[PDB]
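Worksheet for the structure shown next.
Chains as they are written, first to last, in this note's numbering: chain Y, 226 to 437; chain H, -10 to 216.
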């Protein structure tokens, strides 16, 4: 037995989002819904077709029809960005079945320009004969960003690793980038910089081996 | 309240057996059916099976041949064994409490609550615990009223590491970034917190790094940098 869902649902802030779940004449069984936000376990959000567990906002409601079961979220908040999964039990084979899941994204949130923080190697790490520059980019939206590193205003590509952006508790985005270097390389240039490009504009931070 | 907590090995070599345990608080095992679910990274939820303390079990068709679920009432625990793992078995494994109502001729069964999940990585590579370094606040990581400070967590395997600050007492302003996978096959990540710049001379900041795959915990003091 199979449970189908749309792969994604887009919705504007405050609008209503609807996530639908079709299965083998579901309507004969009972549908349950789970919310899973990035990096967390599922939480039950609706059970028994339309019941709200203690602690879930009223704006979460569950409905059903003939071949489709629906989860509705009124007044959608950026905080409701999540993957949602319907679920039923198959009483003949005695098997639990999940839908494939629906990723809900609320688009048209306010633009936020990034803050960039750049940490130089710690003396502790330099004393272990290593060196890592750490560029943390926070409080930005939308999510797309590019990072470039420079030593004395010349580009660096070796030794760079950068994470794809992820939501913070704010619902704004954050990302990180590392430049790995030997202690010698760190001390051999006058400065290093991390430049972030977001929505056509850039923010650059600079660190120097000679400032503490 | 009812809490569930999975514990696992972190890393499992191909063809060997995965063993997990779920410890239950706040209710007796004998009062419910208990389930295991899993989720491959990037993918969906897949039920594994259930158990009841009198011996009843049913397992997923795909996994029936390789799965054993068991129960230990004397420790209020249930467990999962999955033999002969391959890379397809790398996943977050969740335990969950089954809730059920008796409706005629049918089954209404759902899960409330779930545990936190534990990542199992199937790999021939060896475990490696992290090295942790401070990201010290300085006159250049400040933005007026606040300063950012952090911990760099380097060169560990497998995922995941989790980080708390001041033993969980400090939650406001915390962000732990996803890991990078380096060319060496090792992961690194950073956790940062923003705090009053006023506080830096008179408040202690400690990052608590946990790498359960290596049974390692590191509590690293992060102090203002003094040149």
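Don't be surprised by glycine CBs; every beta carbon is placed ideally from N, CA and C.
So the beta strand (DSSP E) residue i belongs to, where does it begin and stop?
i, result
"residue 380/Y", "379 to 381"
"residue 261/Y", "257 to 261"
"residue 298/Y", "293 to 298"
"residue -4/H", "-8 to -4"
"residue 85/H", "80 to 90"
"residue 101/H", "97 to 103"
"residue 210/H", "205 to 210"
"residue 226/Y", "Element bounds for residue 226/Y: n/a, residue is neither H nor E."
"residue 222/H", "Absent from the model: residue 222/H. The displayed extent of chain H is -10 to 216, so no value can be given."
"residue 178/H", "176 to 185"
"residue 197/H", "195 to 200"
"residue 144/H", "135 to 145"
"residue 220/H", "The question about residue 220/H has no answer here: the residues shown for chain H are numbered -10 through 216."
"residue 173/H", "Per DSSP, residue 173/H belongs to no beta strand (DSSP E) and is neither H nor E."
"residue 115/H", "Here residue 115/H belongs to no beta strand (DSSP E), and DSSP marks it neither H nor E."
"residue 417/Y", "417 to 423"
"residue 271/Y", "268 to 271"
"residue 123/H", "120 to 124"
"residue 429/Y", "426 to 432"
"residue 247/Y", "242 to 248"
"residue 441/Y", "The structure shown does not extend to residue 441/Y, since chain Y is modelled only from 226 through 437, so no value can be given for it."
"residue 311/Y", "307 to 315"
"residue 63/H", "Run containing residue 63/H: none; DSSP gives neither H nor E here."
"residue 151/H", "151 to 154"
"residue 7/H", "7 to 14"
Name the residue from the options whose alpha carbon lies nearest to the alpha carbon of residue i.
i, options, result
"residue 130/H", "367/Y, 371/Y and 360/Y", "360/Y"
"residue 29/H", "212/H, 83/H, -3/H and 49/H", "83/H"
"residue 201/H", "170/H, 105/H and 150/H", "150/H"
"residue 329/Y", "233/Y, 302/Y and 351/Y", "233/Y"
"residue 57/H", "86/H, 46/H and 63/H", "46/H"
"residue 235/Y", "384/Y, 263/Y, 327/Y and 254/Y", "327/Y"
"residue 53/H", "60/H, 61/H and 39/H", "39/H"
"residue 281/Y", "270/Y, 287/Y, 383/Y and 274/Y", "270/Y"
"residue 307/Y", "210/H, 119/H, 33/H and -6/H", "33/H"
"residue 301/Y", "265/Y, 390/Y, 240/Y and 267/Y", "240/Y"
"residue 36/H", "24/H, 123/H and 44/H", "24/H"
"residue 214/H", "124/H, 6/H and 66/H", "124/H"
"residue 265/Y", "392/Y, 414/Y, 413/Y and 437/Y", "392/Y"
"residue 157/H", "132/H, 199/H and 67/H", "199/H"
"residue 290/Y", "429/Y, 252/Y, 346/Y and 420/Y", "252/Y"
"residue 93/H", "434/Y, 272/Y, 254/Y and 274/Y", "254/Y"
"residue 349/Y", "-6/H, -8/H and 216/H", "216/H"
"residue 60/H", "-10/H, 181/H and 10/H", "10/H"
"residue 387/Y", "372/Y, 323/Y, 394/Y and 378/Y", "372/Y"
"residue 367/Y", "337/Y, 283/Y and 374/Y", "337/Y"
Let's see if you can read the secondary structure: which residues bound the alpha helix (DSSP H) around residue i?
i, result
"residue 410/Y", "408 to 413"
message: Could you tell me which whole beta strand (DSSP E) segments of length 3 or greater appear in the region 318 to 405 of chain Y?
response: 320 to 323, 327 to 331, 340 to 344, 356 to 365, 371 to 376, 379 to 381 and 385 to 387
- prompt: At a cut of 8 Å, does the region 158 to 174 of chain H reach the region 67 to 79 of chain H through at least three beta carbon pairs?
  reply: These segments do not touch.
message: List, from N- to C-terminal side, the beta strand (DSSP E) runs of 3 residues or more that fit wholly inside the region 22 to 47 of chain H.
response: 23 to 28 and 35 to 40
- prompt: When Cβ atoms are compared, which residues of the region 319 to 335 of chain Y fall closer than 9 Å to chain H?
  reply: 319, 320, 321, 322, 323, 324, 325 and 326
message: Give me the subset of the region 182 to 200 of chain H whose CB atoms are less than 9 Å from a CB atom of chain Y, sorted by chain position.
response: 183
- prompt: Are the region 138 to 154 of chain H and the region 169 to 178 of chain H touching, with three or more C-beta to C-beta distances below 8 Å?
  reply: yes
Chain H contacts from the region 336 to 357 of chain Y (Cβ-Cβ distance under 9 Å): With the criterion set as a beta carbon lying under 9 Å from some beta carbon of chain H, the members of the region 336 to 357 of chain Y are 340, 342, 343, 344, 345, 346, 347, 348, 349, 350, 353, 355 and 357, in sequence order.
message: Three Cβ pairs or more, each shorter than 8 Å: is that satisfied between the region 354 to 372 of chain Y and the region 325 to 343 of chain Y?
response: yes
message: Output needed in chain order: residues of the region 380 to 391 of chain Y with a Cβ under 8 Å from some Cβ in chain H.
response: 386, 387, 388, 389 and 391
- request: Say whether the region 182 to 201 of chain H touches the region 404 to 414 of chain Y, bearing in mind that this needs 3 or more beta-carbon pairs closer than 8 Å, one atom from each stretch.
  value: no
query: Taking contact to mean at least 3 C-beta pairs separated by less than 8 Å, is the region 318 to 334 of chain Y in contact with the region 419 to 437 of chain Y?
result: no
field: Interface positions of the region 398 to 410 of chain Y facing chain H (Cβ-Cβ less than 7 Å), listed along the chain
entry: 399, 401 and 403
- prompt: Counting pairs of Cβ atoms below 8 Å between the region 395 to 402 of chain Y and the region -6 to 10 of chain H, do you hit three or more?
  reply: The region 395 to 402 of chain Y makes no contact with the region -6 to 10 of chain H, as fewer than three CB pairs between them are under 8 Å.
- prompt: Using a beta-carbon distance cut-off of less than 9 Å, what residues from the region 257 to 272 of chain Y approach chain H?
  reply: 257, 259, 261, 264, 265, 266, 267, 268, 269 and 272
task: Could you list the residues in the region 270 to 304 of chain Y with a C-beta less than 8 Å from some C-beta on chain H, going in chain order?
output: Within the region 270 to 304 of chain Y, 272, 273 and 278 place their CB atoms closer than 8 Å to a CB of chain H, listed in sequence order.
message: So, does the region 103 to 117 of chain H touch the region 309 to 325 of chain Y, judging by three or more C-beta pairs under 8 Å?
response: no
- prompt: Quick one: any contact between the region 286 to 302 of chain Y and the region 250 to 261 of chain Y, if contact means 3 or more CB pairs under 8 Å?
  reply: Yes: the two stretches touch, three or more of their Cβ pairs being nearer than 8 Å.
field: the region 77 to 91 of chain H / the region 114 to 121 of chain H touching (three or more Cβ pairs under 8 Å)
entry: no
task: Could you run through the region 43 to 77 of chain H and flag, in chain order, every residue whose CB is less than 8 Å away from some CB of chain Y?
output: 47, 49 and 50
- prompt: What residues from the region 132 to 153 of chain H come within 8 Å of chain Y, judged by C-beta to C-beta, listed N to C?
  reply: 132, 137, 139, 141 and 143
query: the region -2 to 27 of chain H: which residues have C-beta closer than 9 Å to a C-beta of chain Y, in chain order?
result: 24 and 26
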